[PDB]
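Encoded as C-alpha cells, the following chain is the form deposited in one PDB entry, with no partner shown.
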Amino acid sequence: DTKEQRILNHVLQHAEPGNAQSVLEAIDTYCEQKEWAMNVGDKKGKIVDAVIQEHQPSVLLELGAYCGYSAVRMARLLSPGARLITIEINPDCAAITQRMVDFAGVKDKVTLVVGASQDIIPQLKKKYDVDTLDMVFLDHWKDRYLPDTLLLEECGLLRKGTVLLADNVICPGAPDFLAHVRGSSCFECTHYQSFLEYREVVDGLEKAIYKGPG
C-alpha cells in the first residue's frame, strides 16, 4: 500500500494535528487532484453526515476502514460516550487507519478491529460488549454487503430502527444487496443519488432502516 502511505504522509505533513476537518480536507484534496483513492469522499460524505445528524447513533459499526477517512468523518459527529467500531481485514490499512484516527483527535470514539467482517460480526456481542447497533456503514467489498447484512440480522445485532447505509450501490454497485433490502418488507429504503468520490460517474448510497423480523 505505497499509495496509502503517501496519503497518510501527506496528511501528517499538511493537516493540523487534532483537527478532524483538516485531515478530511487534506485527504480529499490529495486524492481528487493527485492520487485517486476509494474514500467515501466529501460529496458522499455530506450525505453520510446528514444520516448521522438525523438518526444520532451512539453505537456505529463500519465495515471497511481503508485509510480511516470515513471513520474520522463519522467520529467527528458523534456524541460523548459514542462508539464507532470499524472492521478492516487488511493489517497494513488498519495500521494507517489507526494513525489517521489518532492524528485526527478522534481515537477515543473509535475501536478498530483487524479482521474479516464475517469473522468479527459474530464476536461483537461477547468479545466487544455490543448489544445492538444503531447504525452500520457498509463500504467493504461489495460482494459482502448482502451476506454481512444477513449475518448482522442472524447474530441479533439489528433492532427496529437500526440504520444501514451502504456506499457504492450504483458504482461499482451492490445489486444483490439492493434487490434484497428494497424487496424485503424488513427494510425501509431511501436512495441517495450522488457521484463516485472525486469524480463525475454517477453513484449513490442506500439507506435501509430495519423494521424487525416481521
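From 1 onward, residues are counted along the sequence shown. Residues that one form lacks are left out of the comparison. The term rigid core refers to the maximal set of C-alpha atoms that superpose within 1.5 Å between the two forms.
Note on 62-70 vs 147-155: mean CA B-factor is higher in 147-155.
As recorded in the PDB entry, 75-83 is the stretch of 75-83 and 106-114 with the greater mean C-alpha temperature factor.
Of the residues listed, 57, 41, 172, 175, the entry assigns the biggest Cα temperature factor to 57. Remark: of 52, 164, 179, 31, 52 shows the highest value [criterion: C-alpha B-factor in the PDB entry]. When the modelled residues of the chain are ordered by their C-alpha B factor, residue 199 lands in the lowest third. In the PDB entry, a CA B factor belonging to the middle third of its chain's modelled residues is recorded for residue 25.
In the deposited entry, the Cα temperature factor of residue 92 places it in the middle third of its chain's modelled residues. In this PDB entry, the Cα temperature factor of residue 205 sits in the bottom third of its chain's modelled residues, the lowest group. Ranked against the other modelled residues of its chain, the C-alpha B-factor of residue 121 as given in the entry falls in the middle third.
The same protein also exists as the form deposited in another entry; that form is not shown, yet it is the one meant from here on.
Shown in the overlay between the shown form and the other one, fitted on the rigid core, is a CA shift at residue 193 smaller than 2 Å. Fitting the two forms on the rigid core leaves the C-alpha of residue 59 displaced by under 2 angstroms between the shown form and the other one. Once the cores line up, the CA of residue 163 ends up less than 2 angstroms apart between the shown form and the other one. A change of 3 Å or more separates the two forms for residue 204 and residue 101: their C-alpha atoms lie farther apart in the other entry. If you compare C-alpha positions, residue 22 and residue 104 are 3 angstroms or more farther apart in the other entry than in the form on display. Once the rigid core is aligned, the segments that move between the shown form and the other one, defined as three or more consecutive common residues whose C-alpha shifts all reach 2 Å, run 1-43, 198-214.
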